[PDB]
């Protein structure tokens, strides 16, 4: 993971991470990834190894360089604040954001 060391000017909008990331040729690329493919809302907490968190979460934000923050619904349908470190699994590969396991 660790895209945040390869990238800058990062932003969160909805479930899409955008970032500007370094390229081996000296340039850079503006990249984007839909995090909803790889993050699940499990009982109010953001977790890896699933999907579709955006259906049951609101108010997504980037905190610092790599933390996704949101408010998500528990199974009993109430809201809690939650966060996940995107650096865990989001990398930059020659300027392009990618999920890595």
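Residue numbers count along the first chain shown, from 1.
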Inset, instruction - Mind pulling up the entry and telling me whether 20 to 28 or 81 to 89 has the higher mean Cα temperature factor? - result: 20 to 28
Inset, instruction - Report the third (lowest, middle or highest) to which the CA temperature factor of residue 38 belongs, ranking only the modelled residues of the same chain. - result: lowest
Legend entry - Chain-relative CA temperature factor third for residue 76: highest
Legend entry - Chain-wide C-alpha B factor ranking for residue 4, given as lowest, middle or highest third: lowest
